[PDB]
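Below you'll find only one chain, the form deposited without its partner chain, shown as structure tokens.
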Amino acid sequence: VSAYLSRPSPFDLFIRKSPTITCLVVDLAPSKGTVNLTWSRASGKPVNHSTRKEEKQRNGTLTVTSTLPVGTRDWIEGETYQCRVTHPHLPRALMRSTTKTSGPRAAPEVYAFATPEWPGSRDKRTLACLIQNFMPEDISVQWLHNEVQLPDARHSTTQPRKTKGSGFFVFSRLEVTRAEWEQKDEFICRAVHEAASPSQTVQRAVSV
């Protein structure tokens, strides 16, 4: 029985302009009672209506999440939100809180590229992107075929990792068909991040 609270994704915060935070509760072994999640603002101000999702996987996880729409300005100004998790059997209630990260800011550096695909085949052509030197750690990464964005499910992005002083880096891998591999020059890796002024967005086409 664990719980996690995540900050808004930069994409939802700066592009979409409709930030949300999510409280995720994982129950390795389900005993039946209801799992409650309560939201509150440290400032005492009112919180909006949240969305609850319950999903079972007979593997060993009754996943439960609650997504709370957050004010854009309030979040940027530092409001702190709290998720109070109430599971039937446990003594004390779980409590998680989140706020914007403070500290210095640094823009992301983006580098997209293709992996050598030397004939004689059994395959998977791959495009990949390295995004680095950014801080804080929150960032949204997305692939585009020119001006149109591809579904998220198509790429795999690693978790932000610290480095030597610089800040953070993330790596994204995108497997593509032979067809789109012929127009790889048209694929673009885009990063959305707070420190990337103007418009918190930085992108680069696959170098060839």
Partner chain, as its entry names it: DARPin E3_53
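Numbering follows the first chain given and starts at 1. The term rigid core refers to the most C-alpha atoms you can superpose between the two forms while keeping them within 1.5 Å.
The deposited model assigns a higher average Cα B-factor to 85-93 than to the other stretch when 85-93 and 121-129 are compared. Between the stretches 97-105 and 130-138, it is 97-105 that shows the larger average CA temperature factor.
Going by the entry's values, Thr163 shows the largest Cα B-factor out of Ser40, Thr163, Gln159, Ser172. Out of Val176, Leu150, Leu68, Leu28, it is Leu28 whose C-alpha atom has the highest B-factor in the PDB entry.
When the modelled residues of the chain are ordered by their C-alpha B factor, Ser197 lands in the highest third. For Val206, the recorded CA temperature factor ranks within the middle third of the chain's modelled residues.
Here the subject shifts to the form solved in complex with its partner chain, a form of this protein not shown in this document.
Its partner chain in the bound PDB entry comes within 4.5 Å of a heavy atom belonging to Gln200. In the bound PDB entry, none of the heavy atoms of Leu24 sits within 4.5 Å of a heavy atom of its partner chain.
Its partner chain in the bound PDB entry is approached by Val70, whose closest heavy atom lies within 4.5 angstroms of it.
Among residues of the shown chain, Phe14 is one whose heavy atoms approach its partner chain to within 4.5 Å in the bound PDB entry. Taking 2 Å as the criterion, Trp39 does not count as shifted between the shown form and the other one: its C-alpha moves by less than this amount when the rigid core is aligned. After superposing the rigid core, the C-alpha of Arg122 moves by 2 Å or more between the shown form and the other one.
When the rigid core is held fixed, the Cα atom of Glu186 travels less than 2 angstroms between the shown form and the other one. Annotation for the pair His145/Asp123: C-alpha atoms approach each other in the bound PDB entry, by 3 Å or more compared with this form. A change of 3 Å or more separates the two forms for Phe168 and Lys184: their C-alpha atoms lie farther apart in the bound PDB entry.
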